[PDB]
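Structural features, examined
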Amino acid sequence: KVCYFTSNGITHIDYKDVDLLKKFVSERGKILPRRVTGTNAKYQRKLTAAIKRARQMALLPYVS
Amino acid sequence: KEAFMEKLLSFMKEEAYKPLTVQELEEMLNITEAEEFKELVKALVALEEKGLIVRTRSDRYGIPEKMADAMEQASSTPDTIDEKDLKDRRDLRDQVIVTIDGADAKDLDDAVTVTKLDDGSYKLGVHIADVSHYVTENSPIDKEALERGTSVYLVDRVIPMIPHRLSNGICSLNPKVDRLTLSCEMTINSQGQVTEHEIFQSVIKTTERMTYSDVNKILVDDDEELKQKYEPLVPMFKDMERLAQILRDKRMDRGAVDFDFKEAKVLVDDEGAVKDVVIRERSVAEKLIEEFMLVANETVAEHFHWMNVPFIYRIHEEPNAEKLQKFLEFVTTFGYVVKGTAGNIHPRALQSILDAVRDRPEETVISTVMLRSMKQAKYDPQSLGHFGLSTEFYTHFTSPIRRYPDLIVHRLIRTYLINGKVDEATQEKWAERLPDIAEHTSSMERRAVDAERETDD
Amino acid sequence: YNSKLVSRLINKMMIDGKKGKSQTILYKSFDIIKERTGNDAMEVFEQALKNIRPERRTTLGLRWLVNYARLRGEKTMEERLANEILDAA
RNA sequence: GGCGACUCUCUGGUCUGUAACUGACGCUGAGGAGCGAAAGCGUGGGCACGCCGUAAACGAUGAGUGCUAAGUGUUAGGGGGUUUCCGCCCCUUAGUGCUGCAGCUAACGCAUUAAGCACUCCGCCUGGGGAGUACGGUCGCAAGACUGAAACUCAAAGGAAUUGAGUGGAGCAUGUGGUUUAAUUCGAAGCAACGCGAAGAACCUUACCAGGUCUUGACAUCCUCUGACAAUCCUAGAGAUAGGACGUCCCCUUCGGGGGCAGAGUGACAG
RNA sequence: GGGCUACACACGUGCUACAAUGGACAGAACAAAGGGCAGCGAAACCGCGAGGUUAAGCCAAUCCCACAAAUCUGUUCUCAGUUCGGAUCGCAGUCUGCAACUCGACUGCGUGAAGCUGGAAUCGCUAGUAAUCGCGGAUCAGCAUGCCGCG
RNA sequence: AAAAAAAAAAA
């Protein structure tokens with residue numbers, strides 16, 4: 001499939017944007033692999049940091 | 001607890017009862033309290049453990065009526081007879097019974113006794129190790145014993161058919177200890193005819209373990225020291241010699257072919273180094289035991305032939321007429337003329353050649369070409385006779401420690417004679433399995449012989 | 001040659017049921033044996049077999065005769081077989 | 001040597017740029033210096049911090065530079081042209097694989113990340129055992145680490161290759177895989193599923209998807225109703241989807257009207 | 001439209017090799033079974049060849065399918081990745097369907113590869129066991145290393 | 001068919 005961020009031309013992922021991040025976490029809250037979400041390597045890395053920042057500020061769960 | 005279990009069992013014994021799940025039993029018994037439900041579960045488990053009820057693969061309870069491992073088995077087998085196993089066996093522990101074997105033999109299959117009767121006939125007891133008692137059908141050892149088919153006797157070692165703990169222990173007719181046997185007792189007249197016989201289960205206690213060497217020294221070498229040592233047994237050994245000669249004379253008169261070939265025996269030491277290569281001689285003591293095992297084997301085969309139940313035979317078919325024609329042309333070059341045609345030769349006509357070539361330079365080769373003209377003996381469910389022994393009925397009964405066919409013969413004896421199970425379903429079961437067993441064991445025998453020869457060479 | 005051994009040798013030589021080919025090879029080979037030795041080919045053949053269960057003895061004799069003949073250097077099978085028989089003899 | 005929850009503070013190196021400047025300002029480096037798993041050791045701690053410095057830390061491929069087919073991923077940028085883009089597709093560097101030619105190799109292989117063809121410099125080897133031992137060491141707190149024998153002994157030791165100790169494999173089909181895909185429909189999923197189907201996938205099949213769609217619908221049970229139903233050329237399109245022209249006779253009426261094909265709408269439902 | 005015909009990368013299953021008991025390349029043949037009216041299709045028939053062609057006879061002991069092949073025979077090749085057997089890839093035509101593009105069959109026509117006999121596996125065995133060679137039909141636009149029945 | 005056992009059996 002296609003990268004969300006290269007597609008929609010999103011250069012900057014934001015940890016505050018919970019709704020976006022929630023598209024990339026599983027039911028249990030596990031970060032979905034790149035192979036499953038079609039994400040670019042570049043954006044997987046940015047995305048991963050965002051989710052971890054989000055988890056830290058209790059925007060997202062560690063474990064659902 | 002017990003009153004509840006009885007009530008549940010009574011309910012399940014009713015004629016209208018069908019196998020029910022735990023929930024269906026709860027409903028049918030009107031159990032509404034959690035403590036009564038706990039009682040039901042405990043009762044079902046306890047009754048299932050006692051084997052009074054059975055749980056099906058669909059978790060329904062029902063009444064039963066209405067519905068390394070070889071070595072572990074060997075290790076669990078008792079080293080002594082259980083008193084319960086003496087039941088319905090003839091007690092022969094007070095009789096003079098002996099084994100006669102090779103000095104190195106530890107797997108003693110057979111024990112013999114001879115009594116001369118007042119009318120001048122002989123009573124011969126042949127008492128064979130009851131291996132079928134310890135190696136039950138479909139046991140781990142049984143499956144392995146089928147796979148092996150026979151013991152293999154290599155130059156330096158034996159590969160046994162059954163584990164050494166049984167073969168040398170509880171199955172072996174060890175000296176002066178109680179042993180279970182399947183016995184063939186035969187009354188034999190002055191012409192070597194079996195006039196009466198009985199096949200039965202017994203318990204024996206061997207008086208002595210003899211060797212072929214010791215028995216020859218007593219009978220042939222007239223050894224006074226050994227006769228004094230075995231003074232009580234010497235009369236029996238002399239009657240055994242006479243009876244064996246009578247049986248041999250009858251066997252030869254019937255026209256059996258005495259294939260007495262010089263075989264090599266390789267002699268090794270305890271380290272397996274070769275010491276010597278000698279001619280294997282068959283002494284009087286070996287030939288005596290041979291005749292007793294032969295008459296027991298014939299008697300068992302004849303008994304089961306007339307009983308007309310599925311059984312296993314040791315057959316030797318008639319020679320190939322073309323091979324035999326070539327043999328008859330061959331011996332004519334040496335000036336030996338045989339009475340008969342290749343398509344209807346009597347064994348006696350071949351024996352007459354062996355007797356005529358005895359102690360001649362051409363003996364070994366006429367003997368060898370005669371053998372090559374014969375067929376191989378094999379196991380078969382059909383009684384096709386045994387050409388080489390000039391007999392219509394022959395089986396192997398006398399060595400169940402080392403031959404799986406003999407172990408099958410013992411099981412068929414127990415099934416048909418002792419247990420009286422001659423029903424159609426029992427016969428069909430054996431009629432189906434005996435062809436495969438006969439083919440396999442005949443293959444395993446050839447494989448053993450080819451390996452033994454390969455080690456000799 | 002009124003010989004079952006010959007007939008059996010033909011069967012061992014035969015490939016893909018082509019019995020004719022094998023018959024021809026054998027008869028030609030036996031001609032080569034007679035032309036060299038002067039002896040009867042059959043006699044030489046039987047001598048060859050001697051040097052190479054009773055049924056299995058012949059089986060192995062003929063099998064080896066043929067197997068090794070095929071491995072020899074001479075160009076045709078009739079010559080390879082002749083030379084292997086002559087050697088065996 | 002080695003680094004993974006996160007943030008901030010301080011601070012290395014590298015790449016793509018680009019072309020402004022500098023203008024050979026370079027390279028390898030014995031020595032030396034620092035860094036250097038683990039462990040051991042030492043002190044307060046169950047970790048900090050010093051010695052000690054080896055380890056498949058060589059890692060069995062020293063460092064730098066030039067030259068010498070390919071075909072393809074992967075990481076980070078740049079250039080072009082359908083392209084705002086998205087997105088594909090080519091061109092170029094940097095890192096990292098993969099399969100291979102030249103040449104090289106005893107063989108195995110190497111292959112622009114060379115074990116090819118070259119130049120420079122540094123480390124190293126010149127049979128094995130004795131032996132990393134001996135001995136002076138030198139470093140430590142110590143264990144060790146470090147440098148490194150010989151007599152004598154033995155014709156060997158060692159590398160690769162080695163080959164042992166009916167069907168398979170060689171070359172092309174097929175069917176269920178799996179994987180590659182938007183979709184690659186499956187049932188069957190040993191038995192009969194795995195040439196098997198279905199006695200013929202280019203297409204239909206074909207499910208399933210990517211797109212164009214239509215909707216009593218593709219079509220019935222209905223019905224009341226009436227036009228026969230349509231054929232056909234034109235317009236399109238990938239065709240569906242059909243829209244038009246033109247062309248149609250209701251089946252059958254003892255003639256009340258009921259009834260083909262269904263126009264027709266019909267209505268629960270279509271299948 | 002596509003794909004199921006991918007093909008990353010497995011197995012089951014099926015054919016063509018590993019020549020000489022064979023490759024050429026001529027000459028002589030010997031089979032059975034099955035099918036055909038919307039057809040079956042001869043001669044002559046184009047054709048390097050593959051396909052078209054027109055039309056007899058038969059509606060089937062009267063026609064057509066229809067020429068079984070393997071094999072025998074000499075001529076090579078001659079133990080050679082070859083005259084081993086055929087991959088593959090150019091390029092050449094002929095049919096058919098709606099059109100051979102993914103993904104047809106066939107021939108023209110170079111190249112001619114692998115392969116010079118595959119461990120465990122797991123059977124049986126004398127005439128066509130067998131194996132080889134076939135051959136016809138079904139199905140079906142096209143086209144069977146499939147399959148059916150028969151030689 | 002000259003050298004033989006396999007299979008009698010031995011057990």
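Method of determination, as annotated in the archive: cryo-EM, at 4.73 Å resolution.

Applying the stated criterion across every chain yields a total of 14 aromatic pairs over all chains. Relative to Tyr416 of chain B, the ring of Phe304 of chain B has its centre 6.4 Å away and its plane inclined at 50°; by these criteria the two rings are tilted. Of this pair, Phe304 of chain B sits in helix α11 (residues 284-307) while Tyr416 of chain B sits in helix α15 (residues 404-418), and the two are 112 residues apart along the sequence. By the burial criterion, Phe304 of chain B is buried, and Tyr416 of chain B matches it. Taking 6.1 Å as the distance between ring centres and 50° as the angle between the ring planes, the aromatic pair formed by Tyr1 of chain C and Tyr27 of chain C counts as tilted. With a gap of 26 residues between them, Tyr1 of chain C in the segment before α1 (4-13) and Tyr27 of chain C in helix α2 (residues 19-37) connect regions that are remote in the sequence. What makes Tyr1 of chain C partly exposed here is its relative accessible area of 47%. What links up through ring pairs into an aromatic cluster is the set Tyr4, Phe5, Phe24 and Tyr43 of chain A. Lying across the ring of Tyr379 of chain B, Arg314 of chain B places its NZ or CZ 4.7 Å from the centre. The ring of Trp430 of chain B has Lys429 of chain B lying over it, and the distance from NZ or CZ to the ring centre is 5.2 Å.

With that settled, the discussion passes to the protein's contact with RNA strand F. Around RNA strand F there are 37 residues in total, and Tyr212, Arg280, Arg282, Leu371 and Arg402 of chain B lie nearest to it. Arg280 of chain B has a polar side-chain atom sitting 2.7 Å from a base nitrogen of RNA strand F. Residue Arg453 of chain B places a side-chain N or O atom 2.9 Å away from a sugar or linking oxygen belonging to RNA strand F. Within the residue set of the surface near RNA strand F, elements represented by two or more residues are α11, α12 (321-333), α14 (363-373) and α16 (424-456) of chain B together with α4 (54-71) of chain C.

Moving on, we get to the nonpolar core. Counting 80 residues, the largest nonpolar core has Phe237 and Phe292 of chain B as the members making the most contacts within it. Among the elements that take part in this core, α11 of chain B stands out by supplying ten residues, more than any other. When residues no more than four places from it in sequence are discounted, the contact partners of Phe292 of chain B are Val112, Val114, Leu124, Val126, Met240, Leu243, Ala244 and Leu247 of chain B. By size, the runner-up hydrophobic cluster in this structure holds 24 residues, among which are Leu26, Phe30, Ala41 and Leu49 of chain C.

What follows deals with a negative patch on the surface. Residue and element names in this part refer to chain B. Where like charges cluster on the molecular surface, the negative patch consists of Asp423, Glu424, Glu428, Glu432, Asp436 and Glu439. By the secondary structure assignment, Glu428 is in helix α16. On the basis of relative accessibility, which here comes to 52%, the residue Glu428 falls in the exposed class.

So, about the state of the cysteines. All told, the structure shown has zero disulfides over all chains when counted by the stated rule. Just so you know, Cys171 of chain B is unpaired, no disulfide at all, and the nearest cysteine sulfur is the one on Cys184 of chain B, 20 Å from it.

Among the surface-exposed residues, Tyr15, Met57 and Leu59 of chain A lie close enough to one another that they form a single nonpolar patch of about 270 Å² accessible area. Residue placement: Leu59 of chain A occurs in the segment after α4 (41-56).

One finds no contact linking chain A with chain B; the least C-alpha distance across the pair is 36 Å. The two units chain A and chain C never meet; even their closest C-alpha atoms stay 56 Å apart.

Attention now goes to the environment of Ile401 of chain B. All names here are of chain B. Assignment of secondary structure puts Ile401 in the loop between β15 (378-380) and α15. For the pair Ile401 and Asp109, spaced 292 residues apart in the sequence, the C-alpha separation amounts to 6.3 Å. Apart from residues lying up to four places away in sequence, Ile401 is in contact with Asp107, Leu108, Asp109, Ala129, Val131, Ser151, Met161, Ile162, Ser167, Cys171 and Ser172.

Contact with chain C, which involves five residues of that partner, is made by six residues of chain B. A combined buried area of about 490 Å² lies between chain C and chain B, and 45% of that area is made up of carbon and sulfur atoms. For chain C, the biggest contributors to the area lost against chain B are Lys4, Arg53 and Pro54 of chain C; these three give 74% of the whole. Applying the counting rule to chain C against chain B returns two salt bridges. The salt bridge involving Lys4 of chain C is made with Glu322 of chain B; its shortest N-O contact spans 2.8 Å. No other element matches α4 of chain C, which puts three residues into the side of chain C that touches chain B. Among the residues making up the side of chain C that touches chain B, the classes are represented as one nonpolar, no polar and four charged.

Right, let's get into unusual backbone geometry. All names here are of chain B. Residues other than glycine seldom take positive phi values, yet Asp59 does so here, at roughly 60°. Its place among the elements puts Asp59 in the loop between β1 (54-55) and β2 (61-62). A positive phi angle, close to 55°, is found at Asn308, a residue other than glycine. Structurally, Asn308 can be placed in the loop between α11 and β14 (313-315). Assessed through its relative accessible area of 64%, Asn308 is described here as exposed.

Cut-offs applied
For each chain, positions are counted from 1 along the sequence as written; this may not be the entry's numbering. Residues without coordinates are not shown. Each chain takes a letter, starting from A, and each ligand takes a number, starting from 1, following the order in which they are written. Within a larger assembly, only the chains shown are considered here, and all values are given for them alone. Excluded from the side-chain calculation are hydrogens and water; included are all heavy atoms of the structure. The pairing test for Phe, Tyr and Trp rings, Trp by its six-membered ring, is centres within 6.5 Å, and the orientation test on the planes gives stacked under 30 degrees, edge-to-face over 60, and tilted for anything in between. Strands are runs of DSSP state E lasting at least two residues, helices are runs of H or I lasting at least four, and both sets are numbered from the N terminus onward. Type-normalised accessible area, obtained with a 1.4 Å probe on protein chains alone, sets the label of each residue: buried when under 20%, exposed when over 50%, and partly exposed for intermediate values. Charge-over-ring placement is defined geometrically: NZ (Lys) or CZ (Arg) within 6 Å of the ring centre, and within 35 degrees of the ring normal. To be near a molecule or strand, a residue needs just one of its heavy atoms within 4 Å of it. Polar contact criterion, stated in full: a pair of N or O atoms within 3.5 Å, where within protein one must be able to donate a hydrogen and the other to accept it, and residues adjacent in sequence count only if both atoms are side-chain atoms. Put simply, buried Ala, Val, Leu, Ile, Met, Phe, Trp, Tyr and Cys residues joined by side-chain atoms within 4.5 Å make one nonpolar core. Contacts are assigned to residue pairs with any non-hydrogen atoms lying within 4.5 Å of each other. Patches were defined on residues exceeding 30% relative accessible area and lacking a salt bridge, with like-charge contacts within 9 Å and nonpolar side-chain contacts (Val, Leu, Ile, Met, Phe, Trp, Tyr) within 5 Å. All accessible areas in this document rest on Shrake-Rupley with a 1.4 Å probe, and a residue is counted as covered only by the protein chains that are shown. Each reported salt bridge corresponds to a side-chain nitrogen of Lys or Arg within 4 Å of a carboxyl oxygen of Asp or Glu. For the charge count, each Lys or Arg is scored as positive and each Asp or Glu as negative, with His and the chain ends excluded. Here the site of a charge means atom NZ of a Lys, CZ of an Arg, CG of an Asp or CD of a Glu. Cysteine sulfur atoms that pair up within 2.5 Å are treated as a disulfide. In short, buried area is how much 1.4 Å probe accessible area vanishes from two parts on joining, totalled over both. Amino acids are sorted into nonpolar (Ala, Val, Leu, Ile, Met, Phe, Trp, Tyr, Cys and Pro), charged (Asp, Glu, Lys and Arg) and polar (every other residue, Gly among them).

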